[PDB]
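Here is the structure we will look at.
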Amino acid sequence: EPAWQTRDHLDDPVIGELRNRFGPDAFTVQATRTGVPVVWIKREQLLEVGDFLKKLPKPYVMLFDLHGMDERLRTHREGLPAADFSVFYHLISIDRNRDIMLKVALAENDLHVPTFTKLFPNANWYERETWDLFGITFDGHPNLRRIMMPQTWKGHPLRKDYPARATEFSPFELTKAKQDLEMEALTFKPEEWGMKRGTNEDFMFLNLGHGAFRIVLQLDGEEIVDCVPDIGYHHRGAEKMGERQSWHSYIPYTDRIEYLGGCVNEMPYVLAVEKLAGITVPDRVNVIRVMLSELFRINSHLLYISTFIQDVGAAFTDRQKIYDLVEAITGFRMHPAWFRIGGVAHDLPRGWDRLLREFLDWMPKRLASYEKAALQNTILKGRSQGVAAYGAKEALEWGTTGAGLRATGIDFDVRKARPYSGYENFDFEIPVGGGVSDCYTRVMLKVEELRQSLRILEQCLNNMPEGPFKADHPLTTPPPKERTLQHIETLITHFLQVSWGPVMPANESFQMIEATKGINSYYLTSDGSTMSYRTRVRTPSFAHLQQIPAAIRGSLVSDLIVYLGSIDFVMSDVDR
Amino acid sequence: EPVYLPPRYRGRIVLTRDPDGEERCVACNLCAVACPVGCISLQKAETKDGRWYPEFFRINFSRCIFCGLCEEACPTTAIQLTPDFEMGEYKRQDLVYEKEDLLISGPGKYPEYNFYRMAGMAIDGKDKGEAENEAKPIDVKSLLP
Amino acid sequence: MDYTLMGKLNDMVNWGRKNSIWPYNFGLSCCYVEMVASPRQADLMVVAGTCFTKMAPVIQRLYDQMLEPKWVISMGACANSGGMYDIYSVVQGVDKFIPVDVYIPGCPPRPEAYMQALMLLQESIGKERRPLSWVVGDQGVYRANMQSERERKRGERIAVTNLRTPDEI
Amino acid sequence: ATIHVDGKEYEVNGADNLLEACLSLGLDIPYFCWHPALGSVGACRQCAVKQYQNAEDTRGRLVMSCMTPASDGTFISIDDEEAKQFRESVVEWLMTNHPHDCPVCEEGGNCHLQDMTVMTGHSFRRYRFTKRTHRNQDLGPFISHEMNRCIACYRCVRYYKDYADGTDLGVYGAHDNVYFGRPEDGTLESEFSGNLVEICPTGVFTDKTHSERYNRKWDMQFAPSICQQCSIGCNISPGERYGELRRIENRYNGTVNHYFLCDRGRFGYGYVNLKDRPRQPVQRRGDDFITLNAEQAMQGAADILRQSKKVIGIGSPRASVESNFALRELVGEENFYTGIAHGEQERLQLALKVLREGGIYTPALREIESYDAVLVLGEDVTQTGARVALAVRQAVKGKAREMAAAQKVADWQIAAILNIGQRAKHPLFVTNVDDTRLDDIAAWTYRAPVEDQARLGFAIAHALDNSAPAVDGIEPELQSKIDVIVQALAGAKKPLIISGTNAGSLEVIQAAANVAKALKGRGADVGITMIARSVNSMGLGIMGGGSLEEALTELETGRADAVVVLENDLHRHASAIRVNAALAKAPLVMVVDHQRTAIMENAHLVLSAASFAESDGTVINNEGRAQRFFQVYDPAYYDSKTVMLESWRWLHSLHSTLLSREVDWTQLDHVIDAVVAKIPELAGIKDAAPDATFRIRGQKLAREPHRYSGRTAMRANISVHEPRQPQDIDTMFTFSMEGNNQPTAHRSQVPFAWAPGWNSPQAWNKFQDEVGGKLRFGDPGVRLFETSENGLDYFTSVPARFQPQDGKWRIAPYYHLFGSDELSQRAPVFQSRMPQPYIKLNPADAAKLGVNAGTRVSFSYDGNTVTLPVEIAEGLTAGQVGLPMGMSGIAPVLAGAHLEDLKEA
Ligand code: SF4
Ligand code: SF4
Ligand code: SF4
Ligand code: SF4
Ligand code: SF4
Ligand code: SF4
Ligand code: FES
Ligand SMILES: [Ca+2]
């Protein structure tokens with residue numbers, strides 16, 4: 001019974017609880033390769049089901065994801081309710097270490113769902129993105145406006161009838177948008193942003209400028225009364241591109257989401273595609289992927305910590321050494337594009353042991369230097385403690401994952417809770433904080449994660465398995481190159497995989513991983529074709545950016561700047 | 001100092017030659033379709049002896065993301081990404097590299113592979129039965145059972 | 001050489017603009033964090049990242065805030081052409097709305113590619129003709145039609161025969 | 001019948017085999033030797049499934065699904081482990097000898113062997129020994145041969161020999177050296193040899209014409225179009241790349257031309273890529289040829305047309321219905337002339353009157369295969385309507401099919417059927433001026449002049465029905481053969497009468513109508529087929545107009561001083577001296593054409609019209625079926641200065657500029673609405689294809705596959721800035737990948753067949769309701785007219801017998817599949833295949849002239865002395881001289897004409 005098998009999860013106790021509560025005919029269980037019980041709920045029972053799951057003895061406390069899907073061109077929907085569109089809700093029980101996906105089927109003429117914001121406040125931005133990209137209205141939403149596209153945008157780009165490729169450039173629309181930027185402040189209505197009490201004659205409205213983004217600030221003097229972060233300035237159409245590229249040729253796009261991560265961003269996508277293909281990778285592939293993911297985690301953590309130290313007023317050679325090793329292994333520093341379906345693009349180069357040994361023997365003195373510069377610095381400690389602090393309740397209700405969630409004391413790491421890529425064969429600790437997640441605790445947790453990633457790299461170096469760097473599956477893409485260049489059937493397989501694409505049988509797969517800034521997940525729907533029917537990417541920085549108004553309510557602008565530096569986020573991760 | 005680059009480095013793209021000196025590319029168009037950006041364009045041509053080669057071969061380097069998917073897709077190792085990164089230009093039209101800007105005079109990173117030594121299709125210097133692991137063609141009118 | 005629309009001091013002015021260049025680096029996307037003054041004081045704009053449609057007006061506005069003479073370097077496939085993002089929300093190239101003087105391929109380019117961009121721009125200013133004052137002389141700029149860097153480097157590039165095999169570091 | 005595949009219950013047809021039943025249900029079973037059109041033979045052993053004796057059976061047995069009836073209560077498994085292992089083993093055995101050829105193989109990305117290799121999941125070679133090799137043969141200009149890539153699936157020989165009745169392809173040799181080819185090098189002689197390139201699942205037989213300018217199937221931009229090279233209207237998928245027409249694939253139509261084209265349609269597209277085509281409007285002023293853009297061409301043309309007293313228009317059967325109608329609206333109904341001669345127009349409207357007023361059902365091309373007796377009167381069907389000849393061969397094999405059905409042999413078990421029906425066949429009687437290519441299967445062939453062919457038809461009609469007019473002067477031996485024909489036709493349940501306009505004789509069509517009416521009066525299920533000459537001969541006949549002689553008279557008398565010639569060279573329908581003199585007399589000649597013709601020298605204005613690859617329109621079948629063709633590519637995408645518009649667009653904007661002094665580049669649906677409003681007989685062309693607002697769940701139909709490559713590079717040598725995607729306002733297709741080509745989409749127009757896991761022409765299985773049947777949501781195209789309630793009367797104009805008169809030589813028409821049709825004989829690959837210009841003679845007449853075979857004789861027709869070398873024709877009759885119609889200098893209006901001063905040069 002492999003890990004990629006299609007299961008309906010009828011033995012999950014949440015299915016029996018839902019059956020005993022709402023009756024056996026109130027929902028439809030779908031068998032998937034997501035590893036999660038997927039149930040189809042009536043629209044009229046969605047809030048009741050969400051409230052019931054919120055009040056279980058080990059409750060489902062986190063809205064992990066919420067998005068839509070255009071089901072109109074989907075030809076393999078056997079055992080599925082009739083739908084033109086659908087909305088899915090991914091909910092996580094942390095005490096249970098379980099999750100459930102709820103699906104609401106919608107007809108094309110009635111695209112409205114009850115708002116989920118009364119149960120989970122992060123549903124606000126998730127529903128704004130679903131409205132923006134699919135045109136699905138959420139009744140009761142306070143400010144249901146566009147969040148990726150500008151407000152003067154026609155059409156919903158993630159619909160199947162929307163043309164993906166770039167339209168013709170018009171200078172006149174550019175001058176019109178520049179004009180709209182000219183007196184945006186003069187024609188600023190604080191009703192189009194969800195704000196209130198616009199000019200008491202003491203409230204000031206400003207715009208501001210990890211990526212560049214705007215946030216409108218309502219200030220009473222220097223105190224923040226409300227704020228609305230304006231995002232979507234870095235929207236690259238990555239999911240729509242997932243429908244326009246083959247399963248193989250989408251991998252560089254996985255790189256450029258969360259561009260400080262690289263192979264870390266490759267990992268959930270190729271793991272989900274291997275679930276769709278039914279591929280179990282060999283152990284050497286697992287250790288190679290873990291080693292590259294931990295090298296890039298170290299690189300991203302070092303950049304984040306070095307940026308935080310400089311911003312407060314309390315770094316390049318280490319990242320250069322990591323980039324040199326990654327450049328030797330993959331041929332590229334920043335966007336390696338090196339993981340593959342079934343394995344990795346090449347074997348490890350001869351001499352990788354020497355470079356990794358030189359990196360690991362040179363790092364612990366730098367680790368002591370960073371711990372002295374951060375944990376033992378009083379100016380950093382007095383600047384960073386207590387500013388924008390939240391507890392477990394606020395991290396659970398806002399979908400906060402990564403260092404902030406563990407700083408609240410919730411011991412939730414994906415590598416330990418739901419292991420992937422052979423992470424269960426490594427000995428490493430998960431650092432957690434007290435009950436308070438402020439800037440100092442988050443940065444301290446990132447430093448401890450740096451130490452643990454160095455331990456994982458030491459274990460990767462010490463016993464690196466000998467074996468194949470690609471799986472023996474027929475759907476390993478591409479095949480091994482020497483057999484491609486020598487053998488006719490391997491040439492045939494390579495020819496068809498790199499041109500039309502590999503045929504993934506119709507299914508749905510899911511994979512969440514512990515990325516450098518939180519939990520990154522790929523949710524892939526295959527319609528039996530050589531491209532993805534739906535590529536949904538859940539990124540931590542979207543959810544972390546949504547939590548900003550609920551954490552610096554009543555703080556100062558300098559506190560907001562420190563909070564922005566303390567959040568490990570990048571804007572490409574937010575907007576994707 | 002010159003910047004050190006590892007042998008796997010994904011920089012400027014070249015087209016290579018087989019050890020006999022003929023150009024390796026057979027214009028099979030696998031690199032172009034494997035390009036996610038779609039910045040390769042080529043056309044198949046054929047010599048009198050039947051050898052496939054590219055009539056033209058152009059790469060839009062203003063578009064190319066140096067991902068190496070074409071070199072991975074090449075079944076003859078003709079197209080190769082090389083450790084060179086100094087490709088800056090004054091005009092964007094000059095970033096379209098034709099075949100005279102790509103075809104170098106050597107085998108590149110794969111020094112000995114000859115796809116035509118593997119192919120059953122006959123060219124000059126290799127008739128039927130002279131490829132690797134190929135028996136000689138038995139004529140259908142042979143006396144042997 | 002060809003140009004597209006009393007002599008020693010013109011060369012001195014060109015030299016003064018050549019070895020004194022103040023860049024305004026535009027963040028945009030991953031090209032910036034690879035490659036790492038007010039726009040009124042800066043005279044070179046380096047655009048390094050994707051031209052998203054929501055912030056193409058920002059790029060055009062901060063370009064119009066700069067003063068004469070102004071040069072543009074476009075770093076990376078996104079700023080050059082749109083790159084791999086030929087998608088609904090991306091402008092296909094910086095040069096769709098502002099004129100570009102040097103283009104740098106890569107995704108991202110190396111920092112040394114930026115340094116080579118600086119050299120290419122430096123001789124580009126070094127042999128260009130710009131008016132001395134607003135009242136004396138012809139009030140037109142003359143950019144030099146330089147030989148392409150792929151035409152100049154063609155012989156040494158084609159002469160390459162063997163490279164190191166990819167099984168090593 | 002009820003079958004259970006992998007425990008899932010399905011309802012199928014019990015008369016089918018399990019392979020076709022399971023492919024129709026959407027299941028995937030790999031297969032090589034089976035084809036929907038050829039039947040099942042059980043050769044390749046690829047299609048193995050596991051059959052169980054009942055539901056409570058676990059052992060099972062590997063059976064061949066193509067050789068197993070899908071009977072009631074069947075239990076099979078496709079996903080059985082032993083069946084999957086065996087299918088992978090069969091692919092492995094085919095892979096042991098297969099050459100390492102995929103990059104340099106024209107079948108790559110379009111290869112069924114690649115697809116079934118991947119589908120079985122075989123990607124690991126454990127065979128380490130040598131591969132057998134083969135020398136290749138030269139099969140002529142169209143088909144390239146690579147015997148290394150063969151898998152010995154026997155599809156080629158079964159198609160070419162048991163289906164198409166070709167004689168020069170076969171299997172040779174033995175155990176594992178089995179060879180598939182000709183007995184020696186030479187051109188493949190079948191008129192339908194080009195279907196090998198889709199029948200062969202590998203790259204053995206490949207399109208040599210495509211191989212010259214090769215590109216892969218993902219790089220092709222396809223559109224659904226209609227073949228323009230004769231009147232049969234076979235659906236095609238033209239595909240282009242880099243602005244030139246690359247390939248013609250068969251487009252499946254279960255009502256017309258299901259899997260097969262003829263060689264003329266498949267390989268005669270090369271005129272589209274000619275470098276002398278007009279690409280811009282060009283005005284002749286003195287000796288100068290000024291190039292104009294579209295707007296000032298319309299302005300100058302409208303000024304000269306406004307200042308002229310009478311403007312006449314000359315259409316063509318090449319042009320679509322929309323172009324001819326737009327010319328008819330520009331010049332008026334009273335000033336519009338069809339471009340064909342008076343005799344051709346008389347024969348065409350007589351055939352139209354027979355088809356839509358004779359009360360006899362005219363069959364579609366696919367339905368021809370089900371008739372029980374065939375009488376072909378005057379039509380060289382293999383050289384003029386070739387796909388009808390292939391359907392006639394299927395109708396002939398119907399007798400063996402019935403004989404095997406009488407012994408309870410299943411209809412897919414083709415080898416048993418052919419063994420039972422050894423040489424028995426349904427009756428075929430062909431009649432021509434000489435021997436035809438249907439004579440191998442014909443029960444009787446009548447070689448006679450067209451008067452005697454008509455008299456034989458009239459005599460058959462009189463012998464069937466005594467109310468039909470009698471024929472006086474029939475010889476006793478010819479009378480005995482007439483009674484043979486009458487006993488065969490009267491004894492058939494479904495007799496079919498084929499005739500057409502190519503014989504050059506009105507009386508032949510009248511005799512065919514008499515035979516069909518006589519059979520209808522006896523209660524038979526008789527069908528009648530009329531083969532027209534050109535792609536839109538029937539549409540031009542339905543629209544109607546004056547003859548070309550009347551237009552030439554209007555030009556010569558000076559009553560018309562402006563002539564607009566649409567897609568017509570005018571030399572195939574009238575004498576070149578008269579046409580040239582009449583056009584030189586007119587002070588304004590405007591030629592709207594996509595080919596460089598001879599009359600463009602006299603033309604004052606030349607409009608660069610679009611051919612079928614660059615235009616949309618509607619053409620009418622020889623059976624009255626209205627079919628839409630769609631534009632394949634925008635000609636201005638690569639060359640920005642090309643002004644190559646649709647002919648209806650040119651003429652509509654010219655009419656707008658003539659009336660209101662403003663141009664109006666209209667839309668196609670507006671022109672079609674104008675047609676159906678103004679000509680009620682052509683009202684059915686609205687339903688041929690849906691309008692440009694048609695969507696599949698909101699999206700358009702994609703012209704190119706989803707993996708289409710080179711988007712930011714194919715034009716980068718012209719400019720690095722990617723141009724705007726060319727907009728299509730005329731049709732529901734988009735010029736990009738951003739559309740729909742799903743097999744389950746509710747549409748009838750499929751630009752190309754592709755499904756995941758099925759990259760070959762076998763992907764047409766996914767687009768059909770059942771394999772080899774109709775398209776899932778109906779075949780495209782609509783019949784314009786229904787069968788009349790009442791028939792015609794008997795034609796009493798029985799001609800006299802042919803009398804050879806001294807000094808005069810009756811011209812007997814000889815049609816060639818390669819050479820007679822104008823546009824295809826302009827194609828450069830046809831020149832090697834084209835016969836040399838040979839004038840045919842009886843041995844008696846040649847001995848009378850003192851002329852041997854090969855000596856050149858000169859004759860004067862219409863004051864033009866031309867010289868051709870002599871071929872001796874045994875089957876011709878004395879007093880007749882045979883000429884190749886449609887060749888260079890021999891206009892098809894010479895059929896039935898007489899010749900003078902035939903003497904040795
Ligand atoms: S490296 Fe990648 S983007 Fe560049 S030409 Fe090759 S496949 Fe295309
Ligand atoms: S993949 Fe290689 S051989 Fe094929 S067309 Fe491209 S460079 Fe040429
Ligand atoms: S060119 Fe590549 S590295 Fe640069 S901004 Fe674009 S995606 Fe990022
Ligand atoms: S016939 Fe098919 S499998 Fe054989 S070389 Fe050609 S593409 Fe490859
Ligand atoms: S030549 Fe083609 S059709 Fe004939 S047996 Fe071989 S693979 Fe089959
Ligand atoms: S029979 Fe006529 S319509 Fe059909 S393919 Fe041949 S030329 Fe074209
Ligand atoms: S398809 Fe049935 S044995 Fe070949
Ligand atoms: Ca059109």
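Each chain gets a letter, A, B and so on, in the order the sequences are listed, and its residues count up from 1. Reckoned from all heavy atoms, side chains included, excluding hydrogens, waters and symmetry mates.
Relative to the ring axis of A:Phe542, A:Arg576 places its NZ or CZ within 45° and under 6.0 Å from the centre. A cation-pi arrangement is present between C:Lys70 and C:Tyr63, with the terminal nitrogen or guanidinium carbon under 6.0 Å from the aromatic centre and inside a 45° cone about the axis.
Here the side chains of C:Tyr24 and C:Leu44 are not in contact, with every heavy-atom distance at 4.5 Å or above.
Contacts between A:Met241 and chain C at a heavy-atom distance below 4.5 Å involve backbone atoms as well as side-chain atoms. For A:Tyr233, the parts sitting under 4.5 Å from any heavy atom of chain C are the backbone and the side chain alike. In this structure, the portion of A:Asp230 lying under 4.5 Å from any heavy atom of chain C is its side chain and not its backbone. Heavy-atom distances place the side chain of A:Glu327, and not its backbone, under 4.5 Å from chain C. For A:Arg244, no part sits under 4.5 Å from any heavy atom of chain C, backbone or side chain. For a residue to count as touching a neighbouring chain, one of its non-hydrogen atoms must lie under 4.5 Å from one of that chain's; by this rule A:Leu260 touches chain C with the side chain only. Contacts between A:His335 and chain C at a heavy-atom distance below 4.5 Å involve the side chain alone, from C-beta outward. Only the side chain of C:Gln92 comes within contact range of chain A, with heavy atoms under 4.5 Å apart.
Taking the six-membered ring wherever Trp is involved, the centroid distance between the rings of C:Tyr85 and A:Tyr253 falls below 6.0 Å.
Heavy-atom pairs under 4.5 Å with chain C peak, among A:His234, A:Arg354, A:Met571, at A:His234. Counting heavy-atom pairs closer than 4.5 Å to chain C, the top-ranked of the candidates A:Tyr162, A:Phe332, A:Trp153 is A:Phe332. Contact count versus chain A (heavy atoms, under 4.5 Å) is highest, among C:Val90, C:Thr53, C:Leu28, for C:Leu28. Considering only heavy-atom pairs separated by less than 4.5 Å from chain C, the leading option among A:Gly232, A:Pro163, A:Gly211, A:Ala238 is A:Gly232. Per-residue counts of heavy-atom pairs under 4.5 Å with chain C were compared for A:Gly331, A:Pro150, A:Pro349, A:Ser572; the largest is that of A:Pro349. Of the listed residues (A:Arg236, A:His346, A:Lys240), the greatest number of heavy-atom pairs within a distance under 4.5 Å of chain C belongs to A:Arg236.
Taking CD1 of C:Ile59 as the start and CG of C:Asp64 as the end, the distance is 12.0 Å to the nearest 0.5 Å. Between the OH atom of A:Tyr323 and the CZ atom of A:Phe296 there is a distance of 6.0 Å, given to the nearest 0.5 Å.
In A:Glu173, the CD atom is not crowded: 12 or fewer heavy atoms of neighbouring residues, nucleotides or ligands sit closer than 6.0 Å.
Salt bridge annotation for C:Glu123-C:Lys127: absent, with no cationic side-chain nitrogen under 4.0 angstrom from a carboxylate oxygen.
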Donor-acceptor contacts, no H, no angles, side chain residues 129-136 of chain C, under 3.5 Å, sequence neighbours left out:
residue, atom, partner, partner atom, Å
C:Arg129, NH2, C:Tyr3, OH, 3.4
C:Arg130, NH1, C:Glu128, OE2, 3.2
C:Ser133, OG, C:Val135, N, 3.4

